[PDB]
Every structure is written in C-alpha cells, then in structure tokens.
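For reference, input-v3.tsv (TSV, C-alpha atoms and all ligand atoms):
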chain	number	residue	atom	x	y	z
L	12	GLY	CA	-5.92	7.32	-5.80
L	13	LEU	CA	-2.72	5.65	-7.11
L	14	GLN	CA	-1.56	8.51	-9.32
L	15	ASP	CA	-2.84	11.11	-6.87
L	16	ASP	CA	-1.96	9.32	-3.65
L	17	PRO	CA	1.59	10.21	-2.43
L	18	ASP	CA	1.94	6.93	-0.47
L	19	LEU	CA	1.00	4.81	-3.50
L	20	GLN	CA	3.23	6.93	-5.78
L	21	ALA	CA	6.11	6.13	-3.44
L	22	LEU	CA	5.29	2.37	-3.38
L	23	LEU	CA	5.12	2.23	-7.23
L	24	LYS	CA	8.74	3.42	-7.23
L	25	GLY	CA	9.71	0.78	-4.68
L	26	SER	CA	11.87	0.99	-1.55
L	27	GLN	CA	14.96	-0.67	-0.13
L	28	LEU	CA	13.79	-2.01	3.23
L	29	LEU	CA	15.44	-4.25	5.80
L	30	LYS	CA	13.82	-7.61	6.47
L	31	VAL	CA	14.13	-8.76	10.12
L	32	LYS	CA	14.47	-12.52	10.80
L	33	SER	CA	16.67	-12.73	13.94
L	34	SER	CA	19.16	-10.63	15.98
L	35	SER	CA	21.79	-11.08	13.29
L	36	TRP	CA	19.67	-11.60	10.16
L	37	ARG	CA	18.51	-8.11	9.13
L	38	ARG	CA	19.00	-7.72	5.42
L	39	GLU	CA	18.18	-5.27	2.69
L	40	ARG	CA	15.37	-6.27	0.36
L	41	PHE	CA	13.74	-4.17	-2.35
L	42	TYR	CA	9.92	-4.09	-2.47
L	43	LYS	CA	7.79	-2.50	-5.15
L	44	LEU	CA	4.07	-2.19	-5.65
L	45	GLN	CA	3.14	-3.10	-9.24
L	46	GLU	CA	1.09	-0.80	-11.53
L	47	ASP	CA	-1.99	-3.05	-11.31
L	48	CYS	CA	-2.06	-2.18	-7.57
L	49	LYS	CA	-2.63	-5.91	-7.07
L	50	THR	CA	0.84	-7.39	-6.57
L	51	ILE	CA	4.13	-6.57	-4.87
L	52	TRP	CA	7.53	-7.65	-6.20
L	53	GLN	CA	10.03	-8.64	-3.52
L	54	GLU	CA	13.72	-9.27	-3.84
L	55	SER	CA	14.82	-12.72	-2.82
L	56	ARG	CA	18.13	-14.50	-2.30
L	57	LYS	CA	16.61	-17.97	-1.74
L	58	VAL	CA	18.55	-20.97	-3.05
L	59	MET	CA	15.72	-21.97	-5.41
L	60	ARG	CA	14.13	-18.58	-6.22
L	61	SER	CA	11.96	-17.78	-9.21
L	62	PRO	CA	10.15	-14.78	-10.77
L	63	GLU	CA	6.75	-15.97	-9.57
L	64	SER	CA	8.11	-16.62	-6.09
L	65	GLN	CA	9.10	-12.95	-6.01
L	66	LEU	CA	5.57	-11.59	-6.43
L	67	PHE	CA	2.90	-11.76	-3.77
L	68	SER	CA	-0.69	-10.57	-3.93
L	69	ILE	CA	-2.15	-7.77	-1.90
L	70	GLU	CA	-5.11	-10.20	-1.68
L	71	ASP	CA	-2.97	-12.36	0.59
L	72	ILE	CA	-2.63	-9.63	3.20
L	73	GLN	CA	-4.67	-9.61	6.42
L	74	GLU	CA	-3.27	-6.43	7.93
L	75	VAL	CA	-0.25	-4.16	8.12
L	76	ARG	CA	0.91	-3.20	11.62
L	77	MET	CA	2.93	-0.09	12.52
L	78	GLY	CA	5.51	-0.30	15.28
L	79	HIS	CA	6.82	-3.26	17.23
L	80	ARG	CA	3.60	-5.28	16.99
L	81	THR	CA	5.01	-8.72	16.30
L	82	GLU	CA	7.26	-11.10	18.25
L	83	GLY	CA	9.99	-10.82	15.68
L	84	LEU	CA	9.89	-7.04	15.84
L	85	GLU	CA	9.49	-7.00	19.63
L	86	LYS	CA	12.55	-9.21	20.07
L	87	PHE	CA	14.78	-8.34	17.11
L	88	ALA	CA	14.26	-4.60	16.44
L	89	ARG	CA	14.33	-3.02	19.88
L	90	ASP	CA	17.01	-0.65	18.60
L	91	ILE	CA	14.68	0.59	15.90
L	92	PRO	CA	12.17	3.39	16.60
L	93	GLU	CA	8.45	2.77	16.65
L	94	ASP	CA	7.92	4.94	13.56
L	95	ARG	CA	10.39	3.11	11.36
L	96	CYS	CA	9.10	-0.46	11.58
L	97	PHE	CA	6.06	-2.31	10.36
L	98	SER	CA	4.76	-5.79	9.59
L	99	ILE	CA	2.73	-7.38	6.82
L	100	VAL	CA	0.60	-10.28	8.09
L	101	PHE	CA	-0.67	-12.88	5.58
L	102	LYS	CA	-3.87	-14.97	5.24
L	103	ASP	CA	-2.14	-18.19	4.25
L	104	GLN	CA	1.00	-20.03	5.30
L	105	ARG	CA	3.21	-17.14	4.22
L	106	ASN	CA	5.30	-15.91	7.16
L	107	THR	CA	4.75	-12.41	8.44
L	108	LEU	CA	7.24	-9.87	7.05
L	109	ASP	CA	8.85	-7.76	9.80
L	110	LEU	CA	10.28	-4.69	8.16
L	111	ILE	CA	12.49	-1.71	9.00
L	112	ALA	CA	12.03	1.45	6.88
L	113	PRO	CA	15.05	3.76	6.19
L	114	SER	CA	12.92	6.70	7.43
L	115	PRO	CA	9.48	7.49	8.96
L	116	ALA	CA	8.24	8.82	5.61
L	117	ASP	CA	8.92	5.35	4.16
L	118	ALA	CA	7.21	3.40	6.92
L	119	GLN	CA	4.31	5.86	6.53
L	120	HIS	CA	4.01	5.20	2.78
L	121	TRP	CA	4.02	1.43	3.14
L	122	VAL	CA	1.59	1.19	6.07
L	123	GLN	CA	-0.79	3.86	4.78
L	124	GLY	CA	-0.39	2.82	1.15
L	125	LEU	CA	-1.08	-0.88	1.75
L	126	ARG	CA	-3.95	-0.12	4.13
L	127	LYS	CA	-5.54	1.94	1.35
L	128	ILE	CA	-5.30	-0.96	-1.11
L	129	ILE	CA	-6.37	-3.66	1.37
L	130	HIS	CA	-9.45	-1.60	2.22
Z	1	LIG	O1	19.09	-17.86	6.12
Z	1	LIG	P1	19.64	-17.73	4.74
Z	1	LIG	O2	20.31	-18.96	4.23
Z	1	LIG	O3	20.31	-16.45	4.52
Z	1	LIG	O4	18.35	-17.52	3.84
Z	1	LIG	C1	17.21	-16.67	4.25
Z	1	LIG	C2	16.31	-17.24	5.35
Z	1	LIG	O5	15.79	-18.51	4.96
Z	1	LIG	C3	15.16	-16.30	5.64
Z	1	LIG	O6	14.33	-16.87	6.62
Z	1	LIG	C4	14.36	-16.07	4.36
Z	1	LIG	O7	13.19	-15.20	4.67
Z	1	LIG	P2	11.65	-15.68	4.79
Z	1	LIG	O8	11.62	-16.32	6.11
Z	1	LIG	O9	10.75	-14.50	4.70
Z	1	LIG	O10	11.63	-16.64	3.66
Z	1	LIG	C5	15.27	-15.49	3.26
Z	1	LIG	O11	14.50	-15.37	2.02
Z	1	LIG	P3	14.56	-14.15	0.99
Z	1	LIG	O12	15.94	-14.28	0.48
Z	1	LIG	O13	13.49	-14.54	0.05
Z	1	LIG	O14	14.31	-12.96	1.86
Z	1	LIG	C6	16.42	-16.44	2.97
Z	1	LIG	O15	17.27	-15.93	1.95
Show me, as structure tokens, the structure contained in the file I just sent.
Amino acid sequence: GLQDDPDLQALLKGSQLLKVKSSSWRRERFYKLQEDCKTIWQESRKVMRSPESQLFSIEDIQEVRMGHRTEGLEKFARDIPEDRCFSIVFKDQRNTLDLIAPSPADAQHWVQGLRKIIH
C-alpha cells in the first residue's frame, strides 16, 4: 500500500480542491495526506487559524461519498459532474467537507485513497 498504491501516492503529494459552502462560496483549498497515513493537512483562511487546526485525523472520518450525496453538494454543485465531487463525513462535530476535484482522476484518488485508509 501507500508507496505502491497510486491513489495514496497522489494524496501524499496533495491536491488543490474546491471547498463548497454555498452558491457563491466555492474556494480553493489544498489538502495533503501526511506520511504517517494518519492525518490530513488542510489549508485554512480562518480568522483565528493555527497549525493544529489545519490537521485532522483519518480516525475522525465516518465515510467518504462520491457524487452529489450531501445537501450541500446537491444544492450548491449542480453544475459539477458526478465524477468530480465527493464528501468527507466526520464522527464528531466537524462539519462535512463537500469537495470538487479538478478532474475525475483526482476525485478517484481521494475517494478510493481515503476508503483504503479508513478500512
Ligand atoms: O465565510 P468566510 O468569512 O470566508 O470564512 C469561511 C467560512 O466560515 C467557511 O464556512 C469556513 O469553512 P468550514 O465551514 O469548513 O469551516 C472557512 O474555513 P477555512 O478557511 O478553514 O476553509 C472560512 O474561511
């Protein structure tokens, strides 16, 4: 795995994805799976951000959905194809991340890659 898995190799490099929050709010955010295959670094532009706030554990993930499988994606990303969007659902209070991949290969890597680590 990891070194031999093409999805995980892609995630270790990181990707520029678009985070969907509303009709207007759709902004670029860089995500990158860390070498320990345990955490993900995420770009943030929050008023009071911090290095620890920009990491989240794979252990906090319930599932990763492909396609328009969330309200936010069903309402705000109609213009985006089914194969270029996905969502990361969390176990705790962390809000679900609705994401748009620059290409189907990217969405594939994230969904498949995270599913491999979660299971
Ligand atoms: O609306 P503003 O003032 O632009 O600020 C963003 C807004 O609060 C988003 O809801 C938030 O995403 P989450 O809901 O996922 O926190 C994003 O965080 P981010 O910068 O960490 O993506 C903020 O920057």
- Query: Leaving out residue 99 (chain L) and any residue of its chain fewer than 2 positions from it, which residues lie within 12 Å of it when counting all atoms listed in the file, given as an MDAnalysis selection string?
  - Reply: chainID L and resid 30:31 51 67:81 83:84 96:97 101:102 105:111 118 121:123 125:126 129
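Taking only C-alpha atoms and all ligand atoms into account, the residues that come within 10 Å of ligand LIG 1 (chain Z) are residues 29, 30, 31, 32, 33, 36, 37, 38, 39, 40, 41, 53, 54, 55, 56, 57, 58, 59, 60, 61, 64, 65, 105, 106, 107, 108 and 109 of chain L.
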- Near region 20-26 of chain L, counting only C-alpha atoms, which residues have an atom at most 9 Å away, once you skip same-chain residues fewer than 6 positions from it, shown as a PyMOL selection string? chain L and resi 13-14+40-46+48+52+112-113+117+120-121+124-125
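Across L:34, L:130, L:19, L:28, the tightest approach to residue 85 (chain L) is made by L:34 when counting only C-alpha atoms.
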- Query: CA of residue 27 (chain L) and CA of residue 119 (chain L), how far apart in Å?
  - Reply: 14.2 Å
